[PDB]
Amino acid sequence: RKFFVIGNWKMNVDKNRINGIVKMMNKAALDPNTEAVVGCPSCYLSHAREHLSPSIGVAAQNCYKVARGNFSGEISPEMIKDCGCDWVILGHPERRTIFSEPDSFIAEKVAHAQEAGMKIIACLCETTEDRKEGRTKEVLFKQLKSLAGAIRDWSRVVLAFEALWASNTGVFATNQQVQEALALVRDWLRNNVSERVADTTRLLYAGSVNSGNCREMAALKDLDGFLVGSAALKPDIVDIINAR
């Protein structure tokens, strides 16, 4: 499983900031054995893709569930590809919570993105309430069951897990908690899809990884890389790419 790092710029960049990040990533010595991608706002996809090293992917942060139509404010996988970009993040925790996107909606998006030839970073997450009530496994099973019902080509999927109780709360997940969550996800794939898919699907930890903790975290069992928010905007992203 090739080490995989995606830096999600969320709604935190403009053209000037992207130019600086892209120049930094273009100039740095990057581990050739890491597959690196950046998550870019829809309005900057073409700009980012034209300037960034072609070996680094560019992902839209969301898309809709059909190729065309009367859906003001939405973009399709077909339009992302038209901007030169191969990747899309689907089911991001911010869409699931702030925008209340249901699992069935995300599944419709994943299914169409797959038909369009996209590569997908599909996100899983558990809330503070989920973890306190002991529903971690229940929520992950439900989210995975929904995703797997929409996926026909697992080779073009990467999965990311975020513990929302560890995002700007004053608490981080322990190494054991991270390893146990990703081991649960891999065992789900093994038992409900196939051993081949379990053994080849990259599982990411989405959390507060940075220069100071990435090498430690990159050695965790069942971890294949990272989905990073704030470190994507900083030199830390180079160290994370280089964590192995």
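Numbers for residues come from their place in the sequence shown, where the first is 1.
* Asked: Looking at the entry, does 146 to 154 or 126 to 134 show the higher mean C-alpha B-factor?
  -> So the stretch with the higher mean C-alpha B-factor is 126 to 134.
* Segment of higher mean CA temperature factor, 207 to 215 or 184 to 192 -> Comparing 207 to 215 with 184 to 192, the higher average CA B-factor belongs to 207 to 215.
* From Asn62, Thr201, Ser53, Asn175, residue of greatest CA B-factor -> Highest C-alpha B-factor among the listed options: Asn175.
* Asked: Based on what the PDB entry reports, which of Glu115, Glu74, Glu162, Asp86 has the top C-alpha B-factor?
  -> Answer, based on the entry's C-alpha B-factors: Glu115.
* Tell me, lowest, middle or highest third: where does the Cα B factor of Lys10 rank within its chain? => CA B-factor rank for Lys10: lowest third.
* Going by the entry, which third of its chain does the Cα temperature factor of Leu227 land in? -> Within its chain, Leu227 is a lowest-third residue by C-alpha B-factor, going by the deposited values.
* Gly57 - which third its CA temperature factor falls in, relative to the rest of the chain -> Lowest third, going by the recorded CA B-factors of the chain.
* To do: Rank-wise, by C-alpha B-factor, drop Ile98 into the lowest, middle or highest third of its chain.
  => Answer is highest: the recorded C-alpha B-factor places it there.
* Third of the chain, ranked by Cα B-factor, where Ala166 sits -> It falls in the top third of the chain.
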